[PDB]
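> Please find one structure pasted underneath; my questions will follow.
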Amino acid sequence: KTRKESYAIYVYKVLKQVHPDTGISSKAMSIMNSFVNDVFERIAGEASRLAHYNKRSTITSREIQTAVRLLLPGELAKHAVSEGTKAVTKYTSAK
Amino acid sequence: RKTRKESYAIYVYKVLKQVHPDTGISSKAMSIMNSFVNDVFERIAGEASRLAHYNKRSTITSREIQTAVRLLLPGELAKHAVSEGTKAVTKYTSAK
Amino acid sequence: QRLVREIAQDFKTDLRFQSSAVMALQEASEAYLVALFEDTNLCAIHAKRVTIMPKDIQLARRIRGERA
Amino acid sequence: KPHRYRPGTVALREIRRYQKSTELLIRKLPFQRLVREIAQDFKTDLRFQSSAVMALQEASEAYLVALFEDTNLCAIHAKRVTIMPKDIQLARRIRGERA
Amino acid sequence: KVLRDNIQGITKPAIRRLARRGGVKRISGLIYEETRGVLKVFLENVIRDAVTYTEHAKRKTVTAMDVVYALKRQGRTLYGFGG
Amino acid sequence: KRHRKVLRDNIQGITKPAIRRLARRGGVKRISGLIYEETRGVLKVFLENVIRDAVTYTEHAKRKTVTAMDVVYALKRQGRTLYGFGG
Amino acid sequence: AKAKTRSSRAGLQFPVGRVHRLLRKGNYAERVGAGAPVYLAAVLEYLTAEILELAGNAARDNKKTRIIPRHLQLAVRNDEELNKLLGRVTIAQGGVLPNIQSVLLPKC
Amino acid sequence: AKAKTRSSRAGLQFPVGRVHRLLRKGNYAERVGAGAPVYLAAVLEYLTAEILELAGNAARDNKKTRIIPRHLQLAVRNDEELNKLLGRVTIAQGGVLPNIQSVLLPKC
């Protein structure tokens, strides 16, 4: 038993879309297990508080977007949101 | 004349009148308290919510606020702080 | 009130401030600077000089980590 | 008669050597035997999972280096080259880890 | 004769007062230029967060709350103006 | 044995060359004769504020072992989150 | 049925009632222990009574009945042990602790 | 019938489902919209795309085809936009950036 859950597969794939030859050793894969779990909590943090701040009740697409510009610095905020808006519209395109 | 704003104005007011029966408290020097209490409160509960998320336990019980209070507070205040609860819970449980 | 209404103007257009919030910045800027000078002196006295120099603010801002 | 390097040049070789590699620096076995000793009075008979004795080592050493780096500016900022104890007291003071 | 980049509106004697409060004894002549840099960095951030909430909350008025919060993110909470 | 432990002199575990390598990694060309006894103060002081938070996790969950899944969680409090052991 | 507040039952002034709600609705966990808010009430009590009793003392040093944002900042910083709970917080109109390095003062 | 992955539905490599599972179980909010978890995958898709891609360049630019943490720190310390995001962490086994101050160089 002892099923422990992680992102060991997904990171390895997104490596392949960007590099089909480079393999990633486990140590430098335990980090990316830590790194995603870090950013996921950090972004979800301010994701929640806005819903709390405005006295809303539900995280949605919007209260995530106004969380990315706070946390990720520089033009990443401008790159990522573009990779977010096209994500939902594609999603709602096949909804 | 509606939408009651909520604050700890009255509660900080009482506990002033027990360690200083004479002192009067300014308005702004009580907005600070109405922020410092909401501050420490959130830094505690929001830190308890980590312990009942790591330990897979889906509730916050007195133990959790009894280590979180032992963690955040620096050194000596831990010794007195948990004393104020322990007697509080016992007295609460002695007449629950 | 005429400085911030200008910096904010570049982040978005037509910002009507609330008169209390302008005070809120006005406390932080003083609160941010005052602490920096206090630590600035520590670098100056560490140089055996007694006057602060712009090469000490830039040092005392990299130790804290704000420089990056 | 025997060849000798000038003072200081052997150090610069290392500064380009140790900054290149990424192994640990503090001797392993004593550093664990410190953690038991220091942790001895927080609780009785503690058993450290040996995965989490190194986990301090890769987390305290990335803090000392974050210190010796940071005093090195100050000793530079005082027209000197060597770091001295008076330097660290400053270095930890700006961060806020001693005062 | 006020039409200029208002950053000079943080006048040199004002800078001197702060350093006194900070315990600075002798202030160099060049500090008056670099400080107007640092304060220009700092407000560049805190207002950057501050507008984002307001733009989010459909409010065209940046309010006292939406600067106490923005200061909270930088790890400099500001007691007194709310909470 | 079933008693006693290593509780003496270990703070001398960080010998003079042992710290020297560290200072070399930082980039210090010349080292003073008195720095060694100072960091040994600094190094131990930091270690206190990590184990004392580390142990407090274990005591709560009624364990008797500190797991890396906790020294990571103690460190996360003090800013120094530590990738590569958990998450 | 006669009602008395939990605040009376635990010998406490901060509202174990109200603090209980902000846990349930503060999204800190699905379920909050019945003995949880009370313990949170007292630990605030010791963390509000501690500052003021230090703060009121600085009021006497100024011979002022009214307690002033100046005094709190003065009270919260001298106490070395309470400092490390509020190392990175700035209090409105707090001013600074009067201190001057020994070198700036003349030798004679 | 004929179920298909929401990750595939939006064309996202990351798991759309699991993220939506940590938006309830974490008690980040009482209710989560159908739109947020998709967005949080894509950003994570983008954000872990650039930390990896840049690392992959450096290791190949050190003739090694497998990423090892020493190859992974160089992609975050040398990338100015990310360095402000990982400013606190200390990647295990990470090594440090090669840097010697100018004053440290020999006289010649």
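Following Swiss-Prot, chain F residues are numbered 17-103, in order.
Placed from the backbone N, Cα and C atoms, the Cβ positions cover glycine too.
Take a look at what Swiss-Prot says about it:
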DNA_BIND  F:17-21  DNA-binding region
CROSSLNK  F:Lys32  UFM1 cross-link
CROSSLNK  F:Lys92  ubiquitin cross-link
MOD_RES   F:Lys21  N6,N6-dimethyllysine
MOD_RES   F:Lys32  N6-lactoyllysine
MOD_RES   F:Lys32  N6-succinyllysine
MOD_RES   F:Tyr52  phosphotyrosine
MOD_RES   F:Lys60  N6-acetyllysine
MOD_RES   F:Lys78  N6-succinyllysine
MOD_RES   F:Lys78  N6-lactoyllysine
MOD_RES   F:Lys78  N6-(2-hydroxyisobutyryl)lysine
MOD_RES   F:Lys80  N6-glutaryllysine
MOD_RES   F:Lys80  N6-acetyllysine
MOD_RES   F:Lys92  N6-succinyllysine
MOD_RES   F:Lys92  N6-lactoyllysine
> Would you pick out, from the modified residues F:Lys21, F:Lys60, the residue whose Cβ has the largest number of other Cβ atoms within 10 Å?
F:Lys60
> Counting every protein chain present, what is the number of Cβ atoms, excluding its own, within 10 Å of the Cβ of F:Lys32 (UFM1 cross-link)?
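For F:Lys32 (UFM1 cross-link), the 10 Å Cβ neighbour count is 10.
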> By DSSP assignment, list the helix, strand and coil residue numbers for the DNA-binding region (F:17-21), in that order.
0 helix, 0 strand, 5 coil
> What Cα-Cα separation, expressed in whole Å, is found between F:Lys21 (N6,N6-dimethyllysine) and F:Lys32 (UFM1 cross-link)?
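A Cα-Cα distance of 25 Å.
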> So of all those recorded positions, F:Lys60, F:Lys78, F:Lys80, F:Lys92, which one's Cα sits nearest to the residue listed as 'UFM1 cross-link'?
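Going through F:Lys60, F:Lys78, F:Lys80, F:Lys92 one by one, the closest to the residue listed as 'UFM1 cross-link' is F:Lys60.
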> Between F:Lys78 (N6-succinyllysine) and F:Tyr52 (phosphotyrosine), how far is it from one CA atom to the other, in Å?
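About 38 Å separates the two Cα atoms.
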> Quick one: pull the CA-CA distance for F:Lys60 (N6-acetyllysine) versus F:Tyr52 (phosphotyrosine), whole Å only.
12
> For the recorded positions F:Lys21, F:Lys32, F:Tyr52, F:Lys80, which residues show a Cβ-Cβ distance under 8 Å to chain D?
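Cβ contacts with D, in sequence order: F:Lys21, F:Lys80.
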> Just to verify a number: CA distance, the residue listed as 'ubiquitin cross-link' to F:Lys80 (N6-glutaryllysine), in angstrom, no decimals.
21
> Which Cβ among the recorded positions (F:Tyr52, F:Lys78, F:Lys80, F:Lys92) has the fewest C-beta neighbours inside 10 Å?
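Output over recorded positions F:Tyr52, F:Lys78, F:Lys80, F:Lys92: least Cβ neighbours within 10 Å is F:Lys78.
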